[PDB]
Each structure stands twice: as structure tokens, then as C-alpha cells.
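Have a look at the structure below before the remarks.
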Amino acid sequence: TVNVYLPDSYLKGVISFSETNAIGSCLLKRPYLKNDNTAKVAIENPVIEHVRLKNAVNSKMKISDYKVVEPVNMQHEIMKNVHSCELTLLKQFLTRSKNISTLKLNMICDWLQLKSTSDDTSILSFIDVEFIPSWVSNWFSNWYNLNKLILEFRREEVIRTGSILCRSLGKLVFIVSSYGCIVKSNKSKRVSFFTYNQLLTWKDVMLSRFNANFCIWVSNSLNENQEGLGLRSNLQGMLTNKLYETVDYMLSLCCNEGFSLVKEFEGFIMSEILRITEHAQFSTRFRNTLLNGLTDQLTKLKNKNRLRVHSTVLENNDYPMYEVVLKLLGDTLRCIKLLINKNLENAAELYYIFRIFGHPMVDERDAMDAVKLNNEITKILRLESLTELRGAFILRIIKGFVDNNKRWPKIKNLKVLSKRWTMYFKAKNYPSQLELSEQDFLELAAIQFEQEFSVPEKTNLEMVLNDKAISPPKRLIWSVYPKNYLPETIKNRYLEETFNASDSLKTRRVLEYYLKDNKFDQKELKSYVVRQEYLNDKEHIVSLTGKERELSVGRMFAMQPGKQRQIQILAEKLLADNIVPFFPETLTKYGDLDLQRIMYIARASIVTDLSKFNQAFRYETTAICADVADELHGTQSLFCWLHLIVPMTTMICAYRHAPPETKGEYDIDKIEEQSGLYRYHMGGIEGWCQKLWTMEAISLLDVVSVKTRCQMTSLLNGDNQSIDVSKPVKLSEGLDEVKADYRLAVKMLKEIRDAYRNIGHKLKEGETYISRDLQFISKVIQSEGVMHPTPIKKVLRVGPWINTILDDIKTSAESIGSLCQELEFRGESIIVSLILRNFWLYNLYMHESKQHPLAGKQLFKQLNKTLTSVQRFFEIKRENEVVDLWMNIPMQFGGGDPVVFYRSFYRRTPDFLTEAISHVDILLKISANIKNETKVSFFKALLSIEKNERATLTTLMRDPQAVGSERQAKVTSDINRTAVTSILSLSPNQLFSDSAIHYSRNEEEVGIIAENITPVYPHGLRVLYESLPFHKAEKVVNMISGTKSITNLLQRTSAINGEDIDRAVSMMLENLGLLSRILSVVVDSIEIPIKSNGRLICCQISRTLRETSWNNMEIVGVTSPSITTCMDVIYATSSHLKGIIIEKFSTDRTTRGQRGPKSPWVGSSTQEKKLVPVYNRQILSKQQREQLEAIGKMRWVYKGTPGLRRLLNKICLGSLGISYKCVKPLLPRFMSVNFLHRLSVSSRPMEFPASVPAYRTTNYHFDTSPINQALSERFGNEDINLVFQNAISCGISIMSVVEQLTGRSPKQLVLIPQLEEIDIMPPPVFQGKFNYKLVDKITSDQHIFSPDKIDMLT
Amino acid sequence: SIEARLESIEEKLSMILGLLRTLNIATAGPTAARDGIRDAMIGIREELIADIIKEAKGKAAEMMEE
Amino acid sequence: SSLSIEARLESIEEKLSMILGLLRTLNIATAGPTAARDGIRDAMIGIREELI
Amino acid sequence: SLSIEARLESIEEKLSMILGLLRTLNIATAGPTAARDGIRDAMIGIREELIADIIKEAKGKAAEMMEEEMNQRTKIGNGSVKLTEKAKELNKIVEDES
Amino acid sequence: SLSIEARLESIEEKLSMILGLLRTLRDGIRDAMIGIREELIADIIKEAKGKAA
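Chains as they are written, first to last, in the entry's author numbering: chain L, 8 to 606, 626 to 1380; chain Q, 171 to 236; chain R, 168 to 219; chain P, 169 to 266; chain S, 169 to 193, 204 to 231.
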């Protein structure tokens, strides 16, 4: 009834080109930035939006009397204009942030036992607010004004579905509209037409500018008065402001190519790091390699521009002549070198400049035409290396099977092998790499495997259901382009075509495609792939949207129809499940490989780029290994589809505006090859076969390693391939190391380049380069073992309303907390993190919550109502500090502070609730402004509950650590569950309607299954949840909830509905005032579990709170004694009463910038001591292996319990099709009686890293043996609640926050438990019979998400 | 070397057996699959077998359904 | 020690039969005539109907 | 006396010859036929002859693409890639006056 | 003296055929039309015995 077209507040997208060309062409009545068909069409049949903009700008000042400069050229006007000074408001926010951070630091120092000399500059007066250097204000006033303008636009566009907002700003009068915008400069007499993208990107630019200059100003202001408190970086704010202005001027002068020329900045910075950390033999090589390419781009620029500008309104303008652009490059690399004063932490922090300047105006069909010439080439191959690749692939597979399975992968014919490979067949082992030279690979390539694996029969809906744009079919394509941009013939033929095809094949959204289907049959893919009905798919098309990323002028994202994209996703899934392992390099990358393990034998490295790599591949190159994978997987053609179907079809580049230069023919295969189309794409698309191309890029390193006799390893952080080479020279005593490493590096480089040239890639000089150590493992600059951070990359865009689907203060604040905490996890200066957090949380709460686009003053009236509630509760006299007390409070208690006190010392934890409780406890203990008997009444208020409600257990199953009785803050997933079930119910997909009507019945029946159990182990309930099919359905629901338009899936509106608007408003309204809700009653009749140490035991309050919101159901396992309150600290030297001790290895005042002898501290839970099955694990899909693990975990968590065996039998019967006594041997047999500690499972962390990096962690050695006399004398030898991995990680964070605050690090410090806070967990005895029947119906109606039924394997 | 003179015959012909399998795989691609000879040039891969088996035995079970 | 003398030779014959079977397919699509390229497709379509 | 053993050493060189063919054997990959119609099937050929055929069948910029990518290559010896004379201005300007 | 001087004869008579057909770098479509079916039904035998045992 009421739709909304709410624009976004940050970029969240891409800057287009054709939209800007059309917005120019319409108003100019002359081609703008091009003369392509876009111009002609726009000028001829202009669309409603640009016609309303034409009318508005015609009523406003004339176009014809101004010099219409492109939008890029006005950056030096926009970033140099001035609007009425908002520095009073900067100072106000900074003072409030300083006060809040003083509170937080007092909270820290209290339990850390710190103190000072009663000095007013205790820590937080080095930042003299009155002395702001004014280089941040020049960006902050610009940004406040621009954001106010954009917020006015949003507010008026939520009301009117289309509006033209004309706003003055200094000498720059803007005009905004959802689809177009214009800028006129009364000072310079020049107009620029552009769109929202390129309007709010100068806003993200100025925001990142401000929070990057401010975060270094605070750092140097704290480093001039205490070395170590600030980030380890010395950047000159004036110098970097000069850098910004200079490159903004060069970007103004070069129209749209200073971005492709700023891409060199990263190379320059890497070359400077190499000059610092190596000798000339490599730094001068990388420098001379990149400088030549930079100079070549610079010369070519002029010609590029004059080609682009022909027949346009800028041929009567002129392009900067060489020497001035060279002087500007000189000034800006002078700046990038003076900022980097030989320092590998300055150079590390400098990386933000890539994204700072702004994203380029990516042209839609020019990247595509550029890569045409690269895609259409014939490439000569060498059959010898081509088969050596196959041999290496086979060898990796064989090593994988030998390691995992202990048997040889089944082979069709055992006669294609020599006697060597036959006896190795009977040996089951794999020749060490000194052997297997060429001929061995050549004869290994002759093998044909049998079907060892198997394709899943049913379509995994959890996989196929993921929100991505889907290209329309071939015949029904023109609907992506407006109805005014097409001829009448094509229009009629489209209007009549659209009635032959079903409603499924009109959508450009996967969820709509699979909901609005009438005839969906989960078994279809097993027929489709086998019968090969895609090899000539005539309703097949490939749309290249040109969605891309920072600082480059092309990355073309594909869009394919649904039939095809099920095949792409299937191949990728099957690879990731079966063929990706057997290959350590590529799955191990993110989380194990680089961090902990990689860290005369001539040693060296290569950093070769593989970003523009997908365009060099052919079928004759890729099918060699794709067919091996396909033989293992068991079908004719499944992995080579990208090269089989693509060359027939046509690339469109189907952006909303840009049409093709049609002549009046409807079949795209007929159209003559345009600039925006080309049929024969002989190559490979980006991201469609990435795993297989990384597999052949790794498998060639083995070929090279056997041709040579070195030891090569590879690491692939994302887009690149980084190789490490190690070769004993056995030639020494002359040139000792550097010429040896250099000649080894050059030889290896030549060999790798020849290996790639024999396959078809023309590796460039400026992409690949050389170094001795690999300095680029995951884009973190490690040198000599110390990991120099890149702290400010994430804190650039931490302004208000970040990462939100709808404007929700809770999620915005949580995102700010999560980004900014990287200046504590990756970065130092926790003080900087507290300041740049509180500044923006203040701007979100007390200055931006008033003008909320959806609810208006509702939010602020609510916040001032819980502010008056808390004031009247805690008896505060001044309102200036009640916002401080409300903002130093966790989110789960309705106060805005999304950094819990545990997040600042150990990243992960059980019992968030109790950690928050201890946080607020220490806050109220240190806050010597309130009166006592209220800091103790707050807890009675927390405990005074209205518990007599439903004891629903699905809440615990979905979040084992939850409170209930309306205390838990409702999230989008729960609040939208009943709306998305309601909408799913009316869906022509019989399967989904049938599962969704049953959703609420299964959800109310699951609880029953373990209602009458004592004690309720919520992690056991989580296991019972994962074992059932319901989990996947709940995950699908959670995925389709967070879409920003929930109740318009079955309707082409692309708009938000008033129902969802009101729902989100009610959520953020009834979530903030939770503090008033829990402070409205106060019961006095609770003896509080107080201590006789001066503090409260938080575990005896959290347990009672949970049991009382739970009906006293005796939840056993979920709570952990917080390290913050019990384990107190005292600094000392090797003398104490047997507390857990932490000692430093050095004698330097500070403990930074070093790696010590140790191997780092990461805390492994030591979970699941596994007597793993030794039967085949191959033929079972990941889904089935997970299910088996869950059933075994049930068999272990519940033992001797009634009905458990019948429960498992029914579960098996429904999920897998088999019984439980015929799958018993396949399960994992655990042997332990401490499943509480052991059974690390989802929603239970299995690692306990500290809040410091590895290099800071490599300088502390710990002993915990002295605590076992206390533990074993008070408590029995049975296990203890406390988690010493977390304790020791918090002690190392203590040593870090202490070295940072005071520059004298303790030589040793000991942490002592107080055992009144810590309890014990004896392994319980479950007393209660399950309800089992209900599982039968639950699997009768959630069977579509169940795994495939095993007919006969065991 | 009466028996060591033909082990290098077997190995040196297995090498060309492998180079020939590779050349077949490279010469069976978009161009054979445009017309329908890629499947014969590669061979049957134990799933089309199961498809024809199931369809043939469904048509053979459907004889008893009259 | 009867693997070095006759087993190597019957294995060579088997390997050679497989070599010839490959070499007989290597020259159909691109070495052979485009008119006879389409010959085997009707066998690949009839095999769906040729098996009980 | 003569045709009981020499046949082995003859077929040895016969199939080594076969390898002499195969090893250097080259495969041009599939492409248009340069009329913008039809995917030209792969070429099983010796490098030189296939380079000549392809060079004579290709048109426009593509010919320069193939001539630079295949006939040319990255001639590198003993590293230390010479800074081009035009970039020497950017390098003296950058590493001076700082 | 029963097979060692019999197998080599067939071997040497096949080698020349092999290099004769390799020097080309009508009757073969039939050869592969039988070559595929030769294993298609030998493997259907085992794919069905997996249904049977």
C-alpha cells in the first residue's frame, strides 16, 4: 500500500558511467563524455527522471552559459570550499568523548591497581581541544554540511517517491535527485553533471579523510607526551594534507585517468619498503620495473583522453601537458617519501591512500573491449608441459588419498602404468620429490580414474538460496533496459514474448526465481548434468555488470541464468568439499597457513600477481585437470562448462542504461559485433573457476620443482600467488649470500615465466617482482617476524549509519564498535580507540537520532525517557554525566556501549552476560558521583523478573547464552521470522509453502523433545538442533530476512514497505528503553550474594538471573567466572603465594616492535579427543559427515538416558534413510567424561586468542602450575569452571595495556583467583525421558532440506 | 640387458600414451561438444550408464503396469 | 623372476593397443573432415536407445 | 641370428622418434576463423608453421598482440632492469629534494 | 619359443600402422562406435551387479 525508495547513506555500490553520460546528454542535448549509442538514445527518447531534471534545471540557471566540466574536475573546488565553521561542534563532541574515555580508563585502572598524582592531565588532557591544528576541521565542516544535505535529501525522498533538492553550499550550489544531480560553481563558472554515486563518494572521501587525520593527530599528541600510548607512527598532518590537495589537483586536471595512475601508489610504497628492508639488488629492480610502466601510462594518457573526447563537449577543452603532470607526480611522491622517513610502520599505516582519493568512474564497455583483445587470441601450447601439468595434478590427488584414506584411488585400467607405478600401487605410498622427474609425470598423465566420489542427488537449498543477481534469459533480456530506449518492433516482440514464458524467467533475483517457481523438482540437476542439456543451451546469456572495486578501471562481474548458475555453484561446492583438500596451499590460507606456521640454503621469494589471470585460460589449458576432477566426480562434463557453453553465447554488459546499437532484430546472436557485445569469448570469466585455476597454478610449481631441484612452497592470499624457494647452493666462500640469492631468484623467475609462456600467459614485468623474504602474506607487512599493522583501513568509514540494511542504532553502534576495536586487536592505542569510538557514538545518539528518516523525533523522545528514568534511579544532579553513565553500559541492558569489557583483553568468551555484569559492576563501583545502596539495587532490578511466561527452548537452541522473559534484545531475525513465514506460505513453490506452514508447528514441537529433562544442557540442545533438518531451514529464513525488503519478494518493486518500516521502528523503540523496563520495578527481598572482599561475585548473580528468567531449569555448563572480577592482578618478581605468573623475556622498557624466541600463544580448546572412524569418508557428502558427527555427539552427551536410542534411530531414519544400528560403526567414538570442557561445537569457541598480535604475544612466558595447590585443596581434583587459556590471554592483554599506559612494562605479574566467584562443574546425570515421536513428523515436513538418502553403501 | 632393454620400451611408450591422452582431451572441447562427439571421444563416465539403466528398467517395469 | 621376460612384453602389447585406440580418435574433429565430424553423434544419440 | 634381437633396438629408436615429434609438438587453441563466424578447431602443428598461419589469418591489432606475446618475450639477463630515460626524470626528481 | 617370437611380430606390425596414422599430423567412426560400446556394457555388468549383490 505504501512503498519507499530510500537511498543509501554510503556508497554500498559502484559509480557507473552510462548513467552519467545519459544524465549529461539529456540536459546538454549533446553527447557528454562519449558519443556511443547511450548518447543518441538519451537525446532522442529521454526518460522520465532525466526529463524532470531537465525541467528543474531549466527553471533554474541556464546550462548553455557555463563550461560543463566533468565531475572529476571539481574535486579541488569541493575539497577547498568553506562552509560555516562547525569546529564548536567538533570540540563539543571531542570533550564529551574525552569525559567518557576518562570514565572508562578509571574503570580499567581501578581493578588494574593503577593511580596517579591527582594530576588533571591524568591521561586525557594531552589533546588540548582548543589547539586543534585545523587540518581536520577543513574536512569536518565540509563533511558535516554535505551529510546534512544528504540527510535532508533522504528525509524528503522517503516522503516523495521523487524529489529535486536544490541546496546552496558556499560557492557550490548542488541539485540532488535519486537518479541525477548537478553542481554549479558560481566562483569558477563551471557545471558538472553526475549522480548519487559520485555525490556521496566525496562524502565517504571526506569522512575517511577526517577520521584518518584525527586518528593520527590524537596518536602523535599522545606520543609527544608518552611514547607508546599512541599508534606507532609519525605522520605529519600538514604534509599529508598537502599530499591530498596535490593529488586532488592532478585528478582534477587528468579527467578520468589519474585513478589508473594512482594505482601505482601501492607499487611505489612497496618499493620504498623494499629499499628500507633490503639492499639495492631488489629495491632498484622493483623501482625501475614500476617506473617504466608508470611513465608509459603517463605518456599514453593524452591519447586516451583525446580518443574518448571525440564528438563531445570537451574537445574544446585541453589536457595537461606532460611536464606539469610530471611535476605533480614529483610533488606527491616527495610527500609519500617524506611521510615515510625510513619507517616501516609509517609506510605500513600509509596504505589507506588507495581508497582515500575516491573510486574511479568505471566505464561499462571499455574494460570489456580492452579484455576482448586478450580473450580472442589463439595461443600456442606445448603438449609436454601440458601433460606435465596433468601429471602433477594426479600426484597431488594421490598424495591426498594416501594421506587421508590410506588407499589408492580406483583406476579403470591397471595397464597404463609402468612397473614402478605398479609396485607403488601395491605399496600405497608416494615418491619423495627428489624423484618424479619429467618422464614420471608424463606417464602418470595416462591414468583414467573411475567414479570414486558421487554427486548429491537433491539440490542443497542452503547453497542454492543466496541473494545474488541473476541475468535474465536470452530472449527475455530487453526488460533490463528502459521501455523508452528500445524500438517499437523490439518492444512489441518483447511484450508478446513475455507471455510464452512462465513468471520464473522474468526475475533478476535468485530468491524470487526459486520462490515464484511452479514446477521445481529437487532431483533435476542430477538429470541435467548427466544428460548434458546445456552444451547447446540456446536460452543462454552472460551479462557483465561491471561491478568493481577500488582504484582500477575494470572488474566485470558476471550474471548468468539460474539453470547455469546452479551448475557453477554445484561445481564450486563439489570442489570445495572433495578436491580442494588434498591441497594445503589453498583452503588453509585464511586462519592457519600464514599467521602461525610459515614463520648455504639459498632462500628467496616471488609475489606474482594473478588478478588479471582469468582471461588467459582456454579449454585446451584447463580441461586437462578439469577432466581428471570430473572422472573422480563421475560425470562426462561438469567442470569444463565455462569453456564449453560460453563461446557460443553473447556478452551484453547489461547495465540499467547502456543499450546495444540494435537495428531492429531480436536475436542477439544476429547483431553485428558492437563495442558492448562480442559473441566468441574463447576465455574464462572472473570467479567462475577460480579454485580450479588456483589448482593448476599450484600444480605447475611442482613441475618447475622437478625440472629444477629446489624446494618450492606457495601461499595464495586472495588474488595473488606468493612462492617461497629454498635451494642448497653448495658453492660458497666468495659472494656470500646476496648475489647467490639474487641469481637463484632471477633463474627461478625465468623458469616460472617460461613455464607460463608454454601455457599461454604473458606475465608482465610490473605485476610480478622479487624479494628475499615474502613480505606480503595476507597484506600485513611482516619484517623479521614483527607484524607491522595496517590499523587505519577499517576505521575510515565508521561514521553513523554504517553497515545497516535499515537505519538501526543498535546495529550501527555495534558495527562502529567492531571496526574501531581493530585499533586494539590489530592496532595499539586503545586510548585512540576509546576516543574515536565515543566521538562517533555521541554523534549517532545525541545529534543524529533526532532526524531519523523513518520515525523522526520518536527515537530521541525514547532516549530522553530512559535517560530520565536512569537519572531518577541513580540520583544524578547534572545531566552532562547521565549520558556518560548510559553510554558506558552494554547493549543487552539498553545502554549504548558495544565494546564489552572482555572484548578489550580477550576476543572470544563464554557468558557474555556475566562479562557485561562484571563490567557494569566495576563501573558502578568506581563511579564516585552516585550514592551507595543504588549500585547494589541495580542488580536487584536486573533480578526482579516477570518470569511466568512460556518456557520455550528453541530460544536456547538458537542462542545457548540467552536470557528470556523479554530481557533479550529482539533482533531482525526473530522479529521478521513470522513475517517471512507468512510470505513464504503464499508462494507457488509447493515445497516451500508446505515447509513454511509447518514451520511454526515444528518450532513449537522441538522444545517438547527435551522439555522434561533435568539438567537442560543448552549445547546439547544445540547439537539436537543441528542434527535435525530444521537448522538449514532456520538458516535460510535468517538469510532471507536481512534483505532490506522482506514483504516484496513476489513483487517487482525494489522498494521497502511501510510494514517493515514500522516493524524496524518498533524494534529500535522497544530495544532502547529496555533500561527503563528493567529499572521500573525494584524488589528489596533478595539477599544478594555479596562478598567480604569489597566486591560482588558476578557468577552467583548471573546464574540466578538466568535461572529466574528460565523458571529454575538448572542450566549446567553455560557460565564462566569472568577473568575481570575474580582473577585479580599484582605486579611482582618471582615471589608470591603460587598464583599464575607471566614473565617478560627482555629488559627493554617497552615490549613492542619485537619477536622473541617463543612460538606464539594461541589457545586451543583441546576439544574432541577423537577415535575417528577409519572407514571411507569420501562417498559421504559434507552434510552427511556433519550429521554423523552430530549423532555421535548426541551419543556422547546423553548416555544411559531413556529413549535416546529410539530418538537417534528415528532421526537417522528420517534424515539419512538408514537405521542407527547399521550406522553405529560409522560414527566417531569419543571417550571422555568431561564433555562440558571437551565438546567445542558451534556457539562455543574452540580458540581463545588474546587482544594483541602475535609479535606482541611472542615475548611473554607463563606458568600456571602454582595454582594447582589452591585448586586441589579447596576444590577436588575434578574439573574447574575457569578457562586458563582465557586467563592467560587476558594477562597478556594486561601486560599490553600496562606497557601502553605506563612506558615501564612489569618484569613479572601474577594473577590470583578468588575462589568465591569460581564454581565447579561435575559432569551431570541426565534424569528424564525424551519425547521422540515428534521427530517423525518434523522430518516428514522438513525433508527438502534433509541430506540425500543412502540406499546401499554399508 | 636382455630384460633391461624393454623396460625402457614400456616406459617410453607409456610416456606417449600419456601425451596422446592429453592431446585427445585438448582436441575434445567446445568444437566436438558443439555437435555431440565429445562424449564418444572421451568415453562414458559411469553416470550416463546409471541414467540409461534407470530409464530402461523403468520402461521395463512399466510393462507389468498394464 | 618371470616378470622381466614376458610380462613386460604382454604389458607393452596392452599399452600399444591403448596407444592405437587413442591415435584412432585423435584425428576425427580437427584433422578429419568437418562433414565426417558429425558421424559419431548419431551413435551417441542411439546408444540411449540401443541398451536394454 | 640377426632378427631376434635387433628388432628391439630398432623399435627403440622408432618410438624415441615418436617422442621427438610429440615433445616439440604444439597445439594452437580454438578461436574464430577471423571472419567472425565459427570457432576454428584447434591446430595440431609445429610452432613456426602455426605462428605463420595464425599471423596471416589474423587481422588488425590482434596480429600485434600475437607478435608481441609469442614472437617476442621478456628478454631478461642478470636483472637490474634499466630505468627508461623518460622515467629517469621522475626518479631523479623523487630521490632528490627530500 | 612359443610366444616370445610371436608377440614381437604383432608388435612390429602395429608400430608401422601407428606411425603411419601419426604421419597425418572414413573408417574410424566405426572403430570408435564399437570401441565405446565394448566397455559400455562390460561396465553396465558391474554397475548392475552392484544393484544385485
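In this text, a Cβ means the ideal position worked out from N, Cα and C, and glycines have one as well.
The shortest CA-to-CA distance from R:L218 to any of S:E217, S:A231, S:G228 is the one to S:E217. Residue contact with chain Q for R:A202: absent (no Cβ-Cβ distance below 9 angstroms to any residue of chain Q). Among the residues facing chain Q, S:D205 is not included, as its CB has no counterpart in that chain under 9 angstroms away. Membership of S:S178 in the alpha helix (DSSP H) is indicated by the continuous run 172-190. The Cβ of L:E163 sits no closer than 9 angstroms to any Cβ of chain Q. The beta-carbon separation of L:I85 and L:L35, rounded to 22 angstroms, does not stay under the 8 angstroms limit for a contact.
For P:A198, the chain Q residues whose Cβ falls inside 7 angstroms of its Cβ are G199, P200, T201, in order along the chain. L:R174 is positioned such that its CB atom lies no closer than 9 angstroms to that of L:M81.
Note on geometry: alpha-carbon atoms of L:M677 and L:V517 lie some 20 angstroms from one another. Across the set L:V254, L:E391, L:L260, L:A377, the C-alpha of L:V254 shows the shortest separation from the C-alpha of L:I343. Partner residues in the beta bridge of L:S748, as assigned by DSSP, are L:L741. With fewer than 16 other Cβ atoms inside 10 Å of its own Cβ, L:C1248 counts as exposed. In the three-state DSSP reduction, L:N1083 falls in the strand class (E or B). Within 10 angstroms of the beta-carbon of L:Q120 lie fewer than 16 other beta-carbons, which makes it exposed. A residue is called buried once 16 or more other Cβ atoms fall within 10 Å of its Cβ, and L:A46 is buried on that count.
Interface criterion met: the Cβ of P:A210 is under 9 angstroms from a Cβ in chain R.
In the assembly as shown, L:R904 is an exposed residue. Its beta-carbon has fewer than 16 other beta-carbons within 10 Å. Contact annotation: the segment 1338-1351 of chain L touches the segment 1299-1312 of chain L, with at least three C-beta pairs closer than 8 angstroms. Annotation: Cβ neighbours of Q:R191 in chain R (cutoff 7 angstroms, chain order): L189. P:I195: member of the beta strand (DSSP E) spanning 194-196, first to last residue.
If you draw a straight line from the Cα of L:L822 to the Cα of L:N218, it is about 6 angstroms long.
Your pair L:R644 and L:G709 checks out as a contact, with CB atoms roughly 7 angstroms apart and the cut at 8 angstroms. In this chain, the beta strand (DSSP E) harbouring P:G213 covers 211-213.
Our two residues, L:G265 and L:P327, have alpha carbons roughly 12 angstroms apart in a direct line. Taking each of L:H1024, L:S1080, L:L1075, L:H1045 in turn and checking the Cα distance to L:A1059, the smallest one comes out for L:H1024.
The secondary-structure analysis by DSSP pairs L:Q808 across a beta bridge with L:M813. If you look at L:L1335, you'll find it isn't in any alpha helix (DSSP H); it sits in the beta strand (DSSP E) that goes 1334-1338. Within the model, the alpha-carbon separation for L:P1014 versus L:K475 is close to 21 angstroms. When DSSP reads this structure, L:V320 sits in no beta bridge, so it has no partner. Taken through DSSP and simplified to helix, strand or coil, L:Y1224 comes out as coil. Interface with chain R (9 angstroms Cβ-Cβ cutoff): Q:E217 is excluded.
Comparing alpha-carbon positions, the option among L:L770, L:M1321, L:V1188 lying closest to P:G247 turns out to be L:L770. Cα atoms of L:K1219 and L:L1047: separation of roughly 11 angstroms, rounded to the nearest angstrom. Excluding its 5 nearest sequence neighbours in each direction, L:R362 has C-beta neighbours in its own chain below 6 angstroms: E557, listed in chain order. By the rule that beta-carbons nearer than 9 angstroms mark a contact, Q:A220 touches chain L. The beta-carbon of S:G228 is placed no less than 9 angstroms from the nearest beta-carbon of chain R.
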